[PDB]
Amino acid sequence: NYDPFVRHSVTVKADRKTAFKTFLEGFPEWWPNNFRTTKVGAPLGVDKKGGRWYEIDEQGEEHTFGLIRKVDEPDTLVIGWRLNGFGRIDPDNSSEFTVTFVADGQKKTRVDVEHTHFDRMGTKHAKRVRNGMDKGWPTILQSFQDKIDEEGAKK
DNA sequence: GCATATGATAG
DNA sequence: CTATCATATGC
């Protein structure tokens, strides 16, 4: 994706609320990217009342990790581009996407992202994205499903 | 366009 | 390490 269109694909083994909880609140409780303190990895991750991804740096708020357009409870999250305090590219992309959590049996949730405009920036814009984002959030989604897999299936 | 540099991708 | 690809700075 992210060259023609952006799609997200994640299967959660617990339910949509655990998915939403993990995705937007449980930032500090994963271990793929947030594996830090006052960094990418702090006691927050995202702001609920405004819809904006931030964590608690020692000097204030560490990395902005998204500009949320829609914070629609355990259901849907439309967010925009933002990344880690690393060797990253700036939010020159906007990269917005509709995170669609589909509740299955209320103990499973398949999320699909659908967006097509800023995400299409693949090739050039995605190569500068590759700087540090490629080694974080895509990795997050793996441990996301696994941490959650332990929440009500494995552990 | 070339020397950087950073960042990923080549070898 | 040199390159080669992209992007940006720097000249």
# chains A, B, ... in the order shown; residues from 1 in each chain; ligands from 1

call {"tool": "residues_around", "arguments": {"residues": "residue 134 (chain A)", "least_positions_apart": "3", "cutoff": "12 Å", "atoms": "only C-alpha atoms (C1' of nucleotides)", "output": "JSON, numbers by chain"}}
result
{"A": [32, 33, 83, 84, 86, 87, 88, 89, 126, 127, 128, 129, 130, 131, 137, 138, 139, 140, 141], "B": [7, 8]}

call {"tool": "select_by_dssp", "arguments": {"residues": "region 26-75 of chain A", "states": "strand (DSSP E or B)", "output": "number ranges by chain"}}
result
A: 39, 41, 47, 52-57, 60-72

call {"tool": "atom_distance", "arguments": {"atom1": "CA of residue 6 (chain A)", "atom2": "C1' of residue 8 (chain C)"}}
result
25.6 Å

call {"tool": "interface_residues", "arguments": {"of": "chain C", "to": "chain A", "cutoff": "10 Å", "atoms": "only C-alpha atoms (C1' of nucleotides)", "output": "list in words"}}
result
residues 5, 6 and 7 of chain C

call {"tool": "write_last_selection", "arguments": {"atoms": "N, CA, C and O atoms (P, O5', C5', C4', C3', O3' and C1' of nucleotides)", "output": "compact mmCIF listing (two decimals), in the first residue's frame"}}
result
# COMPACT_ATOMS: atom_id res chain seq x y z
P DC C 5 21.03 5.30 -9.39
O5' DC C 5 19.96 5.34 -8.20
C5' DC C 5 19.24 4.15 -7.82
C4' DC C 5 18.23 4.46 -6.73
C3' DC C 5 17.25 5.61 -6.98
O3' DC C 5 15.97 5.18 -6.51
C1' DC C 5 18.40 6.00 -4.94
P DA C 6 14.62 5.91 -6.99
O5' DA C 6 14.26 6.90 -5.80
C5' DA C 6 14.00 8.29 -6.02
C4' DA C 6 13.94 9.01 -4.69
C3' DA C 6 13.90 10.55 -4.73
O3' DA C 6 12.73 11.08 -4.13
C1' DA C 6 15.49 9.72 -3.13
P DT C 7 12.43 12.66 -4.21
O5' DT C 7 11.65 12.98 -2.86
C5' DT C 7 12.06 12.42 -1.59
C4' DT C 7 13.04 13.34 -0.88
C3' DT C 7 13.07 14.83 -1.25
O3' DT C 7 12.30 15.56 -0.27
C1' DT C 7 15.25 13.94 -0.68

call {"tool": "atom_distance", "arguments": {"atom1": "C1' of residue 4 (chain B)", "atom2": "CA of residue 91 (chain A)"}}
result
24.1 Å

call {"tool": "residues_around", "arguments": {"residues": "residue 46 (chain A)", "least_positions_apart": "2", "cutoff": "12 Å", "atoms": "only C-alpha atoms (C1' of nucleotides)", "output": "ChimeraX atom specification"}}
result
/A:20-28,34,40-44,48-56,61-68,71,77,79,82

call {"tool": "residues_around", "arguments": {"residues": "residue 11 (chain B)", "least_positions_apart": "4", "cutoff": "10 Å", "atoms": "only C-alpha atoms (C1' of nucleotides)", "output": "MDAnalysis selection string"}}
result
chainID C and resid 2:4

call {"tool": "write_last_selection", "arguments": {"atoms": "C-alpha atoms (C1' of nucleotides)", "output": "PDB file, in the first residue's frame"}}
result
ATOM      1  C1'  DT C   2      31.717   2.543  -2.014  1.00  0.00           C
ATOM      2  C1'  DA C   3      27.698   3.308  -4.729  1.00  0.00           C
ATOM      3  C1'  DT C   4      22.992   4.250  -6.018  1.00  0.00           C
TER       4       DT C   4
END

call {"tool": "select_by_dssp", "arguments": {"residues": "chain A", "states": "alpha helix (DSSP H)", "output": "PyMOL selection string"}}
result
chain A and resi 16-20+124-129+137-151

call {"tool": "atom_distance", "arguments": {"atom1": "CA of residue 8 (chain A)", "atom2": "CA of residue 101 (chain A)"}}
result
10.0 Å

call {"tool": "residues_around", "arguments": {"residues": "residue 151 (chain A)", "least_positions_apart": "2", "cutoff": "10 Å", "atoms": "only C-alpha atoms (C1' of nucleotides)", "output": "ChimeraX atom specification"}}
result
/A:12-15,18,145-149,153-155
